[PDB]
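Chemist: The structure file final_16.pdb (PDB, C-alpha atoms and all ligand atoms) is provided below.
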```
ATOM      1  CA  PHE L 342     200.573 146.300  -8.489  1.00  0.00           C
ATOM      2  CA  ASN L 343     200.954 150.080  -8.910  1.00  0.00           C
ATOM      3  CA  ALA L 344     201.611 149.924 -12.661  1.00  0.00           C
ATOM      4  CA  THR L 345     199.643 151.977 -15.184  1.00  0.00           C
ATOM      5  CA  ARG L 346     199.831 149.948 -18.432  1.00  0.00           C
ATOM      6  CA  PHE L 347     199.131 146.329 -17.501  1.00  0.00           C
ATOM      7  CA  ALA L 348     199.526 144.667 -20.894  1.00  0.00           C
ATOM      8  CA  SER L 349     196.589 143.110 -22.711  1.00  0.00           C
ATOM      9  CA  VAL L 350     195.716 139.437 -22.307  1.00  0.00           C
ATOM     10  CA  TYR L 351     196.956 138.624 -25.820  1.00  0.00           C
ATOM     11  CA  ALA L 352     200.516 139.459 -24.671  1.00  0.00           C
ATOM     12  CA  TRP L 353     200.504 139.104 -20.862  1.00  0.00           C
ATOM     13  CA  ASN L 354     203.397 140.778 -19.018  1.00  0.00           C
ATOM     14  CA  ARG L 355     205.529 138.370 -16.975  1.00  0.00           C
ATOM     15  CA  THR L 356     207.819 139.395 -14.108  1.00  0.00           C
ATOM     16  CA  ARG L 357     210.176 137.280 -12.000  1.00  0.00           C
ATOM     17  CA  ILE L 358     210.123 137.606  -8.201  1.00  0.00           C
ATOM     18  CA  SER L 359     213.239 136.272  -6.480  1.00  0.00           C
ATOM     19  CA  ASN L 360     215.863 137.154  -3.860  1.00  0.00           C
ATOM     20  CA  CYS L 361     213.539 139.046  -1.521  1.00  0.00           C
ATOM     21  CA  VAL L 362     211.241 138.648   1.489  1.00  0.00           C
ATOM     22  CA  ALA L 363     207.521 138.382   0.764  1.00  0.00           C
ATOM     23  CA  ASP L 364     204.905 140.019   3.001  1.00  0.00           C
ATOM     24  CA  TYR L 365     201.567 140.041   1.169  1.00  0.00           C
ATOM     25  CA  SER L 366     200.035 142.756   3.374  1.00  0.00           C
ATOM     26  CA  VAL L 367     201.047 145.274   0.698  1.00  0.00           C
ATOM     27  CA  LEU L 368     199.284 143.039  -1.831  1.00  0.00           C
ATOM     28  CA  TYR L 369     196.222 143.106   0.438  1.00  0.00           C
ATOM     29  CA  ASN L 370     196.099 146.862   1.023  1.00  0.00           C
ATOM     30  CA  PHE L 371     196.954 147.885  -2.562  1.00  0.00           C
ATOM     31  CA  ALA L 372     193.736 146.496  -4.086  1.00  0.00           C
ATOM     32  CA  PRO L 373     190.029 146.300  -3.175  1.00  0.00           C
ATOM     33  CA  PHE L 374     190.050 142.543  -3.681  1.00  0.00           C
ATOM     34  CA  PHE L 375     187.168 141.050  -5.667  1.00  0.00           C
ATOM     35  CA  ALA L 376     188.382 137.473  -6.249  1.00  0.00           C
ATOM     36  CA  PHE L 377     191.225 135.766  -4.382  1.00  0.00           C
ATOM     37  CA  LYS L 378     190.696 132.106  -5.324  1.00  0.00           C
ATOM     38  CA  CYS L 379     193.986 130.475  -4.322  1.00  0.00           C
ATOM     39  CA  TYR L 380     194.308 126.814  -5.276  1.00  0.00           C
ATOM     40  CA  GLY L 381     197.675 125.331  -4.299  1.00  0.00           C
ATOM     41  CA  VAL L 382     197.884 127.124  -0.942  1.00  0.00           C
ATOM     42  CA  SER L 383     195.578 128.792   1.578  1.00  0.00           C
ATOM     43  CA  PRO L 384     195.822 132.619   1.456  1.00  0.00           C
ATOM     44  CA  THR L 385     195.673 132.852   5.264  1.00  0.00           C
ATOM     45  CA  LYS L 386     199.002 131.094   5.900  1.00  0.00           C
ATOM     46  CA  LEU L 387     200.945 132.673   3.050  1.00  0.00           C
ATOM     47  CA  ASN L 388     203.841 134.255   4.979  1.00  0.00           C
ATOM     48  CA  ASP L 389     205.555 131.095   6.300  1.00  0.00           C
TER      49      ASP L 389
ATOM     50  CA  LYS K 969     201.302 110.120  -3.361  1.00  0.00           C
ATOM     51  CA  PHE K 970     198.380 107.729  -4.089  1.00  0.00           C
ATOM     52  CA  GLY K 971     196.750 110.567  -6.034  1.00  0.00           C
ATOM     53  CA  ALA K 972     197.101 113.428  -3.526  1.00  0.00           C
ATOM     54  CA  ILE K 973     198.820 116.773  -4.054  1.00  0.00           C
ATOM     55  CA  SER K 974     201.904 115.627  -2.126  1.00  0.00           C
ATOM     56  CA  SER K 975     203.208 112.693  -0.102  1.00  0.00           C
ATOM     57  CA  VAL K 976     204.287 114.698   2.977  1.00  0.00           C
ATOM     58  CA  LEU K 977     201.564 115.285   5.563  1.00  0.00           C
ATOM     59  CA  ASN K 978     203.354 118.300   7.042  1.00  0.00           C
ATOM     60  CA  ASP K 979     203.522 119.771   3.536  1.00  0.00           C
ATOM     61  CA  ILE K 980     199.858 119.158   2.695  1.00  0.00           C
ATOM     62  CA  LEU K 981     198.619 120.509   6.029  1.00  0.00           C
ATOM     63  CA  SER K 982     200.194 123.973   5.547  1.00  0.00           C
ATOM     64  CA  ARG K 983     199.271 124.303   1.861  1.00  0.00           C
ATOM     65  CA  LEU K 984     195.501 123.816   1.961  1.00  0.00           C
ATOM     66  CA  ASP K 985     192.432 125.003   3.853  1.00  0.00           C
ATOM     67  CA  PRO K 986     191.306 122.595   6.618  1.00  0.00           C
ATOM     68  CA  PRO K 987     187.892 121.860   5.003  1.00  0.00           C
ATOM     69  CA  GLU K 988     189.660 120.720   1.813  1.00  0.00           C
ATOM     70  CA  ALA K 989     192.779 119.156   3.369  1.00  0.00           C
ATOM     71  CA  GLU K 990     190.767 116.135   4.523  1.00  0.00           C
ATOM     72  CA  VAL K 991     190.120 115.108   0.914  1.00  0.00           C
ATOM     73  CA  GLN K 992     193.844 114.829   0.175  1.00  0.00           C
ATOM     74  CA  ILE K 993     194.550 113.308   3.597  1.00  0.00           C
ATOM     75  CA  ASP K 994     192.004 110.538   3.041  1.00  0.00           C
ATOM     76  CA  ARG K 995     194.061 108.911   0.302  1.00  0.00           C
ATOM     77  CA  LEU K 996     197.353 108.400   2.108  1.00  0.00           C
ATOM     78  CA  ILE K 997     195.475 106.587   4.874  1.00  0.00           C
ATOM     79  CA  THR K 998     193.908 104.125   2.446  1.00  0.00           C
ATOM     80  CA  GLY K 999     197.107 103.528   0.463  1.00  0.00           C
ATOM     81  CA  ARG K1000     199.107 102.896   3.611  1.00  0.00           C
ATOM     82  CA  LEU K1001     196.480 100.545   5.032  1.00  0.00           C
ATOM     83  CA  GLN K1002     196.214  98.490   1.832  1.00  0.00           C
ATOM     84  CA  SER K1003     200.006  98.181   1.822  1.00  0.00           C
ATOM     85  CA  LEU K1004     199.897  97.044   5.453  1.00  0.00           C
ATOM     86  CA  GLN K1005     197.134  94.509   4.740  1.00  0.00           C
ATOM     87  CA  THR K1006     199.085  93.057   1.817  1.00  0.00           C
ATOM     88  CA  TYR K1007     202.151  92.742   4.040  1.00  0.00           C
ATOM     89  CA  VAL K1008     200.264  90.966   6.827  1.00  0.00           C
ATOM     90  CA  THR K1009     198.616  88.542   4.385  1.00  0.00           C
ATOM     91  CA  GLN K1010     201.902  87.489   2.775  1.00  0.00           C
ATOM     92  CA  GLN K1011     203.364  87.174   6.279  1.00  0.00           C
ATOM     93  CA  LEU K1012     200.563  84.803   7.295  1.00  0.00           C
ATOM     94  CA  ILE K1013     201.134  82.659   4.193  1.00  0.00           C
ATOM     95  CA  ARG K1014     204.881  82.532   4.853  1.00  0.00           C
ATOM     96  CA  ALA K1015     204.210  81.591   8.479  1.00  0.00           C
ATOM     97  CA  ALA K1016     201.980  78.717   7.370  1.00  0.00           C
TER      98      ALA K1016
HETATM   99  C1  LIG F   1     201.032 154.469  -6.732  1.00  0.00           C
HETATM  100  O1  LIG F   1     199.994 154.240  -5.758  1.00  0.00           O
HETATM  101  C2  LIG F   1     199.389 155.438  -5.249  1.00  0.00           C
HETATM  102  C3  LIG F   1     198.394 155.010  -4.197  1.00  0.00           C
HETATM  103  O2  LIG F   1     197.312 154.286  -4.770  1.00  0.00           O
HETATM  104  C4  LIG F   1     198.749 156.222  -6.391  1.00  0.00           C
HETATM  105  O3  LIG F   1     198.206 157.435  -5.885  1.00  0.00           O
HETATM  106  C5  LIG F   1     199.786 156.521  -7.464  1.00  0.00           C
HETATM  107  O4  LIG F   1     199.165 157.159  -8.574  1.00  0.00           O
HETATM  108  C6  LIG F   1     200.459 155.233  -7.930  1.00  0.00           C
HETATM  109  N1  LIG F   1     201.495 155.523  -8.907  1.00  0.00           N
HETATM  110  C7  LIG F   1     201.437 155.114 -10.178  1.00  0.00           C
HETATM  111  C8  LIG F   1     202.593 155.505 -11.050  1.00  0.00           C
HETATM  112  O5  LIG F   1     200.493 154.457 -10.607  1.00  0.00           O
END
```
Starting from the file, give its structure as C-alpha cells.
Modeler:
Amino acid sequence: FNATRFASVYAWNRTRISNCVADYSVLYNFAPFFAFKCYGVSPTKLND
Amino acid sequence: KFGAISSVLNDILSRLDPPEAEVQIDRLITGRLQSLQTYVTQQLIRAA
C-alpha cells in the first residue's frame, strides 16, 4: 500500500500474501477509502 | 448447494452481510424441504 510505482493496468503487479497474520486496520488507516465493495465477504468481520 | 455460495450455514453466515445473507439462506431451506417432501411421499406409497 505504500508503494510509489503501482504498475499500469496493462501489466498489473501481483503479490502473494502468505505465512502471516492479517489485521486490516493498517489497510484502513493507510488510505482515504473511496470504494470498498467487497463481494465474497463482509468487510466488517474480516479479522476472524 | 442448491445454487447458493456454499452449503454450510455457518460458513455463509460469516461471509456475507445480514441483509444479503437471507438471499443465499432461502435456497437451502427450499432444497431441503423438497427433498423431505419427496421422501415422505415415497414413504406413503411404500406404506400403502
Ligand atoms: C510511506 O508512508 C508514509 C506515510 O504516508 C509516507 O510519508 C512515505 O512517503 C511512504 N513511503 C514511500 C516510500 O512511499
Chemist: So the first atom is atom CA of residue 975 of chain K and the second is atom CA of residue 378 of chain L; what is the distance between them in Å, to one decimal place?
Modeler: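 Going from atom CA of residue 975 of chain K over to atom CA of residue 378 of chain L, I get 23.7 Å.
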Chemist: Can you work out which residues are within 10 Å of ligand LIG 1 (chain F), considering only C-alpha atoms and all ligand atoms, and then hand them over as a list in words?
Modeler: residues 342, 343, 344, 345, 346, 370, 371 and 372 of chain L
Chemist: I'd like a table as a Markdown table: residues in chain K with an atom no more than 8 Å from chain L, each row giving the shortest atom pair and its distance in Å to one decimal, all atoms listed in the file counted, sorted by chain and rising residue number.
Modeler:
```
| residue | atom | partner | partner_atom | distance |
| --- | --- | --- | --- | --- |
| K:982 | CA | L:386 | CA | 7.2 |
| K:983 | CA | L:382 | CA | 4.2 |
| K:984 | CA | L:383 | CA | 5.0 |
| K:985 | CA | L:383 | CA | 5.4 |
```
Chemist: With all atoms listed in the file as the counted atoms, please give the residues lying no more than 8 Å from residue 996 of chain K, apart from itself and same-chain residues fewer than 3 positions off, as a VMD selection string.
Modeler: chain K and resid 969 to 970 972 975 992 to 993 999 to 1000
Chemist: Which distance in Å separates atom CA of residue 974 of chain K and atom CA of residue 363 of chain L, to one decimal?
Modeler: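 Rounded to one decimal, the two atoms are 23.6 Å apart.
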Chemist: Go ahead and compute the interatomic distance for atom CA of residue 988 of chain K and atom CA of residue 373 of chain L, in Å to one decimal.
Modeler: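 Interatomic distance, atom CA of residue 988 of chain K to atom CA of residue 373 of chain L: 26.1 Å.
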Chemist: Could you work out an axis-aligned bounding box for all listed atoms of segment 974-986 of chain K, with 8 Å added on each of the six sides, and give its centre and edge lengths in Å to one decimal, as lines of an AutoDock Vina configuration file?
Modeler:
```
center_x = 197.8
center_y = 118.8
center_z = 2.5
size_x = 29.0
size_y = 28.3
size_z = 25.2
```
